[PDB]
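# Examining the three-dimensional arrangement
Listed here are the chains, written in short residue letters.
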Amino acid sequence: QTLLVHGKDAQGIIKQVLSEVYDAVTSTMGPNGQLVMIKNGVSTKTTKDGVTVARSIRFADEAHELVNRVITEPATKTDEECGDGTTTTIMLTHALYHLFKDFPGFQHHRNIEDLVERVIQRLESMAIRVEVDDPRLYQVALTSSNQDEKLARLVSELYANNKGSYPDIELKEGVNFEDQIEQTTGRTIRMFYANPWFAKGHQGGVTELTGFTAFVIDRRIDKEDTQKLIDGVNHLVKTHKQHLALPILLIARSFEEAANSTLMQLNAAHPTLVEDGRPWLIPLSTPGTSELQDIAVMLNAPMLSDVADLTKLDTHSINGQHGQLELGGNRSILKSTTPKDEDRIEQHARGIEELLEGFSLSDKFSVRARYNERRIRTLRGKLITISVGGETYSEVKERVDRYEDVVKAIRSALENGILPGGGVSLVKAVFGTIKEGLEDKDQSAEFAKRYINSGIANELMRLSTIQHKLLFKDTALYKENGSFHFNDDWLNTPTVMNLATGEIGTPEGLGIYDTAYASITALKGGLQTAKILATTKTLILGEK
Amino acid sequence: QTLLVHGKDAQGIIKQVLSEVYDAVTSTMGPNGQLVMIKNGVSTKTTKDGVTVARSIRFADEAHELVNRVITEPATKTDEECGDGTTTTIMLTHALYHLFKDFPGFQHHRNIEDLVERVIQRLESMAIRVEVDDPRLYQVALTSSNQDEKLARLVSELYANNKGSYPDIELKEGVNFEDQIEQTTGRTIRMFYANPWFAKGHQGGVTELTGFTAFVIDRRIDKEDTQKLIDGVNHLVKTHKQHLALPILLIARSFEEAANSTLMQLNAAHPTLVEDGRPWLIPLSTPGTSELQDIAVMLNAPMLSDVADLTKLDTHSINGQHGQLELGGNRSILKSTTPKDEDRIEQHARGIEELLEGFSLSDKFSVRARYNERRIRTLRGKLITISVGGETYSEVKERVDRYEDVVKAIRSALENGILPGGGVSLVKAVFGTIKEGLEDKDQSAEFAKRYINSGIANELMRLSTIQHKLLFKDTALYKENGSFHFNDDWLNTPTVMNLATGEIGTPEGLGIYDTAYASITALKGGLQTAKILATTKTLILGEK
Amino acid sequence: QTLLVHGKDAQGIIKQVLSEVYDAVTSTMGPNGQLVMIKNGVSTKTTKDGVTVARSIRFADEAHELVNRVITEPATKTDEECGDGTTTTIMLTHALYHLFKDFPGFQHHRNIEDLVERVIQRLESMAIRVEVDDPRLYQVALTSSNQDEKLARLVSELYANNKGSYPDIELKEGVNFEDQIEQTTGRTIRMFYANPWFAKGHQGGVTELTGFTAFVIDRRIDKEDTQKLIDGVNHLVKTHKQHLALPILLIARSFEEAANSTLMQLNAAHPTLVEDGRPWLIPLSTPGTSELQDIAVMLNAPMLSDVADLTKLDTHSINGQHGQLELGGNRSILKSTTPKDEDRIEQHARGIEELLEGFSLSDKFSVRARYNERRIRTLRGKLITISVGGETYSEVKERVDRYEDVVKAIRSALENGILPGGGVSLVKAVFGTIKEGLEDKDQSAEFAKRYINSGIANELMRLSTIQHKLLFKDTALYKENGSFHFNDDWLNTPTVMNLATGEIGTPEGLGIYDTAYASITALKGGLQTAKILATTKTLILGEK
Amino acid sequence: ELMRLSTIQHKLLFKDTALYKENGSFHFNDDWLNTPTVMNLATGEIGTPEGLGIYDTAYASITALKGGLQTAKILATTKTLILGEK
Ligand SMILES: Nc1ncnc2c1ncn2[C@@H]1O[C@H](COP(=O)(O)OP(=O)(O)OP(O)(O)=S)[C@@H](O)[C@H]1O
Ligand SMILES: Nc1ncnc2c1ncn2[C@@H]1O[C@H](COP(=O)(O)OP(=O)(O)OP(O)(O)=S)[C@@H](O)[C@H]1O
Ligand SMILES: Nc1ncnc2c1ncn2[C@@H]1O[C@H](COP(=O)(O)OP(=O)(O)OP(O)(O)=S)[C@@H](O)[C@H]1O
Ligand SMILES: [K+]
Ligand SMILES: [K+]
Ligand SMILES: [K+]
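Cut-offs applied
Residues numbered from 1 in each chain as written, not as in the entry; some residues may be left out. Chains lettered and ligands numbered in written order. Part of a larger assembly, values for the part shown. Heavy atoms only, no water. Residues with missing side-chain atoms left out of burial classes, pairs and counts. Helix = DSSP H or I, 4+ residues; strand = E, 2+ residues; numbered from the N terminus. Rg over C-alpha atoms; globule rule 2.2 N^0.38 Å. Contact = heavy atoms within 4.5 Å. Buried < 20%, exposed > 50% of the residue type's maximum accessible area, 1.4 Å probe, protein only. Pairing = 2+ DSSP bridges. Near = heavy atom within 4 Å. Polar contact = N/O pair within 3.5 Å; in protein donor to acceptor, adjacent residues only side chain to side chain. Areas by Shrake-Rupley, 256 points an atom, 1.4 Å probe, with all protein chains shown as cover. Nonpolar A, V, L, I, M, F, W, Y, C, P; charged D, E, K, R; others polar. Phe/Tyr/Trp six-rings, centres within 6.5 Å; stacked < 30°, edge-to-face > 60°. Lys NZ or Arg CZ within 6 Å of the ring centre and 35° of its normal. UniProt positions renumbered as here; feature names shortened; annotations may be inferred. Salt bridge = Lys/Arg side-chain N within 4 Å of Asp/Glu carboxyl O. Buried area = accessible area lost by both parts, 1.4 Å probe. Patch = residues over 30% accessible without salt bridge, like charges linked within 9 Å, V, L, I, M, F, W, Y side chains within 5 Å. Axes fitted to C-alpha atoms, helices over the stretch in contact; angles between N-to-C directions. Parallel < 35°, antiparallel > 145°, perpendicular 65-115°, else oblique. Left-handed = near helix turned anticlockwise from the far one by under 90°. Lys, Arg positive; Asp, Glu negative; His and termini not counted. Charge placed at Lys NZ, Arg CZ, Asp CG, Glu CD. Core = buried A, V, L, I, M, F, W, Y, C linked by side-chain atoms within 4.5 Å.

If you check the header, you'll see the entry was determined by cryo-EM and the resolution is listed as 5.8 Å.

Following this line, the structure appears as structure tokens:
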């Protein structure tokens, strides 16, 4: 009817939509959540998973849907990178929106943003670190998997045994009832075939090799670079044939169909070097330039900027390895590595760690630091392939998902940090931030005027409670004395209820923990999305 | 209109749907049931069978249908594995749902689950076993077939005569008025042709053989294993030709179209061994790895993991049998077996029985034990092919179904257990479980507090009555003294009414019996489905 | 709107539908019936025939139609086997339905069934037999044909002249005004051509033969038996050529297109035996295995189970007849039969009659006995072909139908039995059954308690009246003294009104008779259909 | 049924109080019959009707139940109402 919506009408719809989503999702929070039945054509999808709920919600009107997609996509993006924290995000989205509405005037919006930012900074400082030898890892594994004895014990011991190198765990569909483990080196890499022709059997098979001579290229290769490939390859085969171990690996960013067809002819050009059907030249692709530098260090390959640099080479630069490599369609795997090669890789790993030593406190939790930590795991770390078993085929597939969540949780736990659960960490952060600025006599004049005296602090303290209310409302804890009392006594020793067992105690005592990155991203993502929904006064539905 | 449904609305619809299904199905229970007319395009399907009713119910709204499919599929799955117990299942689904509604608070849901679980445990202990020499088998056969003199007598004698080996009964469409029996050994197997070409006549016919040399493979064979088949076959024909009885049988899990085409050429490669058109090499498929181990023991074949193991073989491993086998499109049949071969098969059968001897009480009724008992019947047991006759063609087809239900009932009867019918077994179980915990002085403090004092026990005792009410309401039994009195006098000697005859007495006296697995699965399936329907507060209808 | 119908709603619709059908059909009963106009696209079909009415009734709603098809098809099935009794059936369907409704409780339903069953038994005992020399046959022929002098006289004399052998009458479209008769032997058989190629002219013509050598096969012949046919045929032509009369007839159950193509080549293989274009080998099909045994006895052919038995034969088994046979597209006809062959056929006919002599009273009216009596008519009995004439072409076609009904009536009359018409036989049966049990002092205690004292007998006595009411309401008979008086005086000498003439008297005196099988089947079919309509409480309209 | 009906006075007085809050509903066992606990609504404390001092006159509760039975029977058995003024 009306494509242009402005005024009281837009903000009315925004609050309407937000309300309906908030009820649907927040109901699924915790082990004591209520289930949702989703239709997907003919079948029924009954689930309690928050991210599945948020993704699957549809509306009738276009206006309503437009608003929904602003809430959905930032929440969906949290589980793609971390793995946990969507419901929490959406909860707070309502929470902070409500706040922005009570305090109008664009000076107050500034005051709210600055206050919450400082709360984030306290959360990052509150972040607790944990080692592989500590029994806390078993507690987190038991909570994330919804109480399993065999699953939590196996992964915890696996990280405990490999004291030094962080083990990488990958999964597969098993046939046996019992689970089977393969403790191997298997240094995982991010390279794979450009074209199916280059593998053993000429149909994208898994080629195993016992010797190679790798060369890393930086540029994306297309039809323009077809001339330089013929120049570089024939130079290497003719001149430097003495110091060479077949096959020659041309690792790069991307290989186009024009370049791949040229390299297929170059394999056919020299048929003498073809041993048992294997092509002696293989181009390899990788989906952040320093990841290729890791690939160069692992395989003792020289780093090359241009394609024309392949001609100007020598015995000093060219080094053919005699290890063991396994090329694949999805990824490559390096198994056998000599003590001489490991000395080079460990020294390069220390160099990245020395950069992380010099970083600041706030920069340690950034994307720059997390990317550098990802490079360390690729270089140092043993690969463990677990074929997950079960009674039926459906149970095997279900158990793989339960295995995957435990691995993703434990890895991110020791990486970033751990905080006390049951919606306590948020309460401690807020009550701390208000108390910190008020206690400090230098800035107490302005700190009180902006936040405390205006009433924003009071409101923000009530909003931290929201997670704690929703989990434990209509339970043994909240039954006593009407509402809950958030006094100084509670701040020192915070009590919660373990919903799995039933007993009452501290989040530290009972063993209820959340990852640091999940709660931080939720609050960061919550602030930005809440501001946008609040400040938006106009909606356009007209298709151009 | 609204794809998202939440609140009082969802649970209202759930109860609405459940009510309509409960009325439709429970009306068909017992011999005194009322018929249902089903349309299926143009024809009318008049039936009293509960599973047919549940499958055929459709609704107009998508919301209503969504709920229906949660009730239907678990009930439909009971008749696929057992053969009886759907109405009973659906009955209790309403029953336990109603219970969950009266006692809110997720602590009470836990209390209900634990209580019912213990009732299941009493039902498993109450399970009575029966032998082939006992006249009770005639009573069960007479009840299941809805009173037939010739049918019940014939099957009961058939199990009674073969005292030791459990006879397998298979059916076929006959031409004569009288029924005809074929008492043969005919050791049934789970193997059949991979491709129609390999049979006699080259069009999937029934090939009879008098000598063979079998080889069992574990892996699923595809295009990748085509090389190893040519290596293994030509090794066997060239080297080990002296100790060989044609034809060679390659039994495996699955044969792809790529592998079958390769083996067709290998038959054509050696035309000297082809006798009267029969191909000398046949690949065989089977739809749980230990079933192939049974196939290996029957035919004296060596168990092989890999396809490459066919090369590395000797006279010690290779053993060509001189019995009699009948290959087929659906299944294979082994008839002639020497006393030397039967000694090997019986010794292997004892080994599986020795594993069942060491199992626990609860583990004996599990899927693990039932699968092992299925292997015993395949190894030891004579096959009896009965060509069922009648007056017309329609009566022959109808009588085959009546024959099939009797066989499925009698086999599962002596396998698992038998309980007293007329909805008595459930009442005895519940009243027993309440009395057991209350009498035991150690746990009486908490047992009373959770179940009895809260009023769940009282409610659960009224719910066991439901089967007994529905069968015998508006009869001679219920007419006296308004309602029925469930006192200690009734618990000792429970009276029922046989609906077929009319007389009054005990379920043991009159001969009304139910299989153990049916009533157990109904209550197990009832608890889980009832909890889900109760805890579900949300419905989604939006197609992604 | 609602696919699921349950409760008061189903039974309401059932009574509604039943009522509308009952009014439409029962109005057409008797010569004083009212006509119905049926549309069938563009033309008008004005008829008084009950079966045409029942078949042609359609409804608007699917629910209503669903109910209709339960009433229609059992009534339609009565005219397919007997030829008369549909209206009567449908009448009683309403009658017994009404009964079942007055007496609820599944014990009373049992009481009603047992009572009516005994009434059937009295009807079977009441059945009167008649001979060909008796003038009663003229009376029945006059009633069935709706008063015709020439038609009733001709058929009655035809059965009277052939005293011993029951004559078979077949019809054809004539050209002359006068009717023409062909008194010939023409022993009718149930065999015809498998393929049109095998006849004279090679296009399914009428082949006349004067000599043959028949062979009867039991099995259905297909592509599997193509090998044994070539073995059997060439054995007979080569070895046993001396004792053979052409052509060779291969009589069987069914001939597939694969087998027929093989036998066509075998005719071409031996062209020396082909006389004037006639193929010397003919396969013959027949649409109950003992009908082929009759075919074997007629033609002196050996009975053969398997196709391979054609090889193992001798001069003792093989016997080539020198009679006269006429093969055809619809049926074959055997005309000339020697005194030697008739001695064999008559002796076989006595053997079937000796089996009918030893049968019980209840077994004599069964399908088993009727099938055996059908075999006697095929063996012994002269065929009479009457070319029916008339003034116009439309009158010839109409007269053929009037001829056919007279033949079907007279044949079934002397076969089963005759009872007094005007709805008297049913009244005598019911009043007799009530009086029989009450008079017998041994069982009078329970007989009174179940039927008489409860009031079922009283009700059943009113229901027998229904046929008598509907025929003679608003006539000279019912005009006197308000209603009709069913006293002991009427039971001794029952009076009726002949609707054709107008005069008053006994059904025996006036000549109003019904066939036994029609009234029995109506009441048998009425009881079963009435019970189903009564006990059905549910309707399903949802297409799967 | 009659045992559930005696509870009615006890439910109406003490529903949504400290006594009924614990363990969902109230448990009328043999332990309670020996020493019956109530809540004094004036003060707030919990104890026996004898201990706290909550007493009813005999004639009041008797007349209530006597009067209750007769009036309840009449209301139940009455199937007809006439409103027409003569
Ligand atoms: N056993 C437990 N007892 C009490 N509280 C718990 C327990 N387990 C988890 N929690 C709390 O509930 C929260 C768990 O979050 P979820 O309900 O999984 O929502 P979410 O993590 O946003 O949803 P996702 O990302 O789709 S798995 C944590 O923040 C804990 O504080
Ligand atoms: N002759 C009988 N007299 C009294 N009770 C009977 C008789 N036969 C069976 N029963 C009872 O009725 C139940 C039979 O179940 P059914 O009516 O067949 O329902 P169901 O087994 O769930 O339906 P299915 O699985 O589709 S055959 C048993 O549990 C018996 O207790
Ligand atoms: N001339 C007659 N006078 C009196 N009653 C007759 C006469 N002819 C027949 N009847 C009676 O009416 C009945 C004849 O049945 P119809 O009206 O033909 O119904 P119907 O036989 O069920 O219908 P069909 O099978 O389609 S021919 C018999 O049962 C007789 O009792
Ligand atoms: K969750
Ligand atoms: K049933
Ligand atoms: K008629």
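Of the regular secondary structure elements, chain D holds five helices and two strands. Mapped in sequence order, the helices and strands of chain D form the string α-α-α-β-β-α-α. For 86 residues, the compact-globule estimate of 2.2 N^0.38 gives 12 Å, and chain D exceeds it by more than 25% at 18 Å. Principal-axis analysis of the C-alpha atoms gives chain D an extent of 60 × 30 × 25 Å. In chain D, the proportion of contacts linking residues at least 24 apart, taken out of those at least 6 apart, comes to 16%.

All names here are of chain C. The element strand β15 (residues 383-388) is largely enclosed, with a buried count of five among its six residues. Pairing geometry for strand β4 (residues 168-173) and β15, over six bridges, is parallel. Bridging from a neighbouring strand, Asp 168 pairs with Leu 383 of β15. Pairing analysis gives four bridges linking strand β5 (residues 180-183) to β15, with the strands arranged antiparallel. Its bridge partner being in β15, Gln 183 is matched across the sheet by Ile 384.

Our next topic: the site of ligand 2. Residue and element names in this part refer to chain B. The full set close to ligand 2 counts 23 residues, and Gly 30, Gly 85, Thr 86, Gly 422 and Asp 514 are the nearest of them. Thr 86 places a main-chain nitrogen or oxygen 2.9 Å from an oxygen atom of ligand 2. Within the side chain of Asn 498, an N or O atom sits 3.0 Å from a nitrogen atom of ligand 2. Its free accessible area being 660 Å², ligand 2 has 86% of it covered by the protein chains. Mapped onto the shell around ligand 2, the elements with two or more residues apiece are α2 (50-56), α4 (87-102) and α16 (456-472). Here the shell around ligand 2 is composed, by residue class, of seven nonpolar, twelve polar and four charged.

Another point: the packing of aromatic side chains. In the structure shown here, the tally under the stated rule is 22 aromatic pairs over all chains. Consider the rings of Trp 197 of chain A and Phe 198 of chain A, whose centres lie 5.5 Å apart with planes at 85°: the pair is edge-to-face. Between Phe 484 of chain C and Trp 490 of chain C, the aromatic rings sit 5.9 Å apart at their centres with planes inclined by 80°, giving edge-to-face as the arrangement. Across the pair, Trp 490 of chain C and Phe 484 of chain C agree in class, each one buried. In this structure an aromatic cluster arises from ring pairing among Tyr 478, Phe 484, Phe 486 and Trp 490 of chain A. Taking NZ or CZ as reference, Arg 370 of chain B lies 5.0 Å from the ring centre of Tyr 517 of chain B, over its face. Between the NZ or CZ atom of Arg 368 of chain C and the centre of the ring of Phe 177 of chain B, over which it lies, the distance is 5.6 Å.

The subject of this paragraph is the UniProt feature "binding site: Mg(2+) 2" (unreviewed entry) in chain A. All names here are of chain A. Per the UniProt record, the feature "binding site: Mg(2+) 2" (unreviewed entry) sits at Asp 84. For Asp 84, the location among the structural elements is in the loop between α3 (62-81) and α4 (87-102). Note on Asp 84: relative accessible area 53%, which makes it exposed. What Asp 84 contacts, discounting residues up to four positions off in sequence, is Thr 78, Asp 79 and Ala 518.

For the rest of this paragraph, the subject is the pattern of salt bridges. Residue and element names in this part refer to chain B. Applying the stated criterion across every chain, the model contains 64 salt bridges over all chains. Taking the shortest distance from any N to any O, the salt bridge between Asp 218 and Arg 253 comes out at 3.4 Å. Taken together, the residues span a long stretch of sequence, with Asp 218 in the loop between β9 (213-217) and α8 (226-238) and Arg 253 in the loop between β10 (248-251) and α9 (257-269) at a distance of 35 residues. The partner of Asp 294 in a salt bridge is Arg 375, with the nearest N and O atoms 3.2 Å apart.

To continue, consider the arrangement of the chains. Contact between chain A and chain C is absent, and the minimum C-alpha spacing across the pair is 14 Å. Nowhere do chain A and chain D come into contact; their C-alpha atoms are at least 9 Å apart.

Under the present numbering, the feature "binding site: ATP 1" (unreviewed entry) in UniProt falls on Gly 30, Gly 50, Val 51, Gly 85, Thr 86, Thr 87, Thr 88, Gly 422, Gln 467, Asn 498, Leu 499 and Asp 514 of chain A. The residues touching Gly 422 of chain A, leaving out its near neighbours within four places in the chain, are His 468, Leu 471, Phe 472, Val 496, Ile 512 and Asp 514 of chain A.

Counting residues at the interface gives 18 residues for chain A, matched by 17 residues for chain B. Summed over both sides, the interface of chain A with chain B buries roughly 1900 Å², with 64% coming from carbon and sulfur. Our count for the contact surface shared by chain A and chain B stands at zero salt bridges. In this structure, the connection of chain A to chain B is made through five residue pairs in polar contact. With four residues, strand β2 (residues 36-39) of chain A is the single largest residue contributor to the side of chain A that touches chain B. Tallied by class, the residues present in the side of chain A that touches chain B amount to seven nonpolar, seven polar and four charged. With three bridges joining them, β2 of chain A and strand β20 (residues 538-540) of chain B adopt parallel strand pairing. By the bridge assignment for β20 of chain B, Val 36 of chain A is matched with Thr 538 of chain B.

Another aspect to go through is the site of ligand 3. All names here are of chain C. Contacts to ligand 3 come from 23 residues, most closely from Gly 30, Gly 85, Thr 86, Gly 422 and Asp 514. In this structure, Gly 30 approaches ligand 3 through a main-chain N or O atom, which is 2.8 Å from an oxygen atom. Measuring from an oxygen atom of ligand 3, one finds a backbone N or O atom of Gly 85 at 2.7 Å. Elements with a contribution of two residues or more to the shell around ligand 3: α2 (50-56), α4 (87-102) and α16 (456-472). For the shell around ligand 3, the residue count by class is seven nonpolar, twelve polar and four charged.

Moving on to a nonpolar patch on the surface. Residues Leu 2, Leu 5, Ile 8 and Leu 12 of chain D make up a contiguous nonpolar surface patch of roughly 470 Å² in combined accessible area. Note on placement: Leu 5 of chain D falls in helix α1 (residues 2-14).

For a regular strand, side-chain orientation follows a simple rule: the groups alternate between the two sheet faces. All names here are of chain C. The pairing of strand β2 (residues 36-39) with strand β3 (residues 44-47) spans four bridges and is antiparallel. Across the sheet, residue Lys 39 finds its bridge partner in β3, namely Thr 44. In sequence, β2 turns back onto β3 through a hairpin of four residues, with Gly 41 there showing a positive phi of about 100°.

Let us look at the sheet that holds strand β11 (residues 281-285) of chain A. Backbone hydrogen bonds hold the strands of a sheet together, and the pairing may be parallel or antiparallel. Residues and elements named next belong to chain A. With respect to topology, five strands assemble into an open sheet ordered β7-β11-β10-β9-β12, the strand pairing being mixed. In this open sheet, the two edge strands, each paired with only one partner strand, are β7 (192-193) and β12 (303-304). With two bridges joining them, β7 and β11 adopt antiparallel strand pairing. Residue pairing across strands places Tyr 193 opposite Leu 284, the latter belonging to β11.

Our next topic: the packing of helix α6 (residues 136-144) of chain B against helix α7 (residues 149-161) of chain B. All names here are of chain B. Relative to each other, α6 and α7 sit at 140°, their axes nearing to 9 Å. When the interaxial angle is binned, α6 and α7 end up oblique. Note on packing geometry: the crossing formed by α6 with α7 is right-handed. In this structure, α6 contributes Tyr 138, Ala 141 and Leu 142 to the contact, and α7 contributes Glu 149, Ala 152, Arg 153 and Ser 156. Residue composition of the contact of α6 with α7, grouped by class: four nonpolar, one polar and two charged.

All names here are of chain A. On the surface, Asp 49, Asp 84, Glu 398, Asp 401, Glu 404, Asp 405 and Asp 514 cluster together to form a negatively charged patch. By the secondary structure assignment, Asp 49 is in the loop between β3 (44-47) and α2 (50-56). When its relative accessible area of 42% is taken as the criterion, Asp 49 is described as partly exposed.

Here we take up the nonpolar core. Most often, soluble globular proteins keep nonpolar side chains buried together rather than apart. If you look at the biggest cluster of nonpolar residues, it comprises 78 residues, and the most contacted ones within it are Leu 99, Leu 460, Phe 472, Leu 523 and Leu 533 of chain B. Non-local contacts of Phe 472 of chain B, meaning those with residues more than four positions away in its chain, are made with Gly 422, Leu 477, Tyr 478, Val 496, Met 497 and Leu 499 of chain B. In this structure, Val 70, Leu 419, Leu 460 and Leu 471 of chain C belong to the second largest nonpolar core, which totals 72 residues.

Once that is clear, we can look at the environment of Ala 95 of chain A. With respect to the helices and strands, the residue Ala 95 of chain A is situated in helix α4. Between the C-alpha atoms of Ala 95 of chain A and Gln 242 of chain A, which are 147 residues apart in sequence, the distance is 71 Å.

This paragraph deals with helix α6 (residues 136-144) of chain C. Listed as buried for α6 of chain C are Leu 137, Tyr 138, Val 140, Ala 141 and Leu 142 of chain C. Those residues of α6 of chain C that are buried lie in contact with α7 (149-161), α13 (393-415) and β19 (513-515) of chain C.

With that settled, consider the sheet that holds strand β12 (residues 303-304) of chain C. Residue and element names in this part refer to chain C. Strands sit in the order β7-β11-β10-β9-β12 across an open sheet of five strands; the sheet is mixed. If you trace the sheet from one side to the other, it starts and ends with β7 (192-193) and β12, each paired once. Taken strand by strand, helix α10 (residues 290-298) contacts β9 (213-217), β10 (248-251) and β12, and its axis lies near 165° from that of β9.

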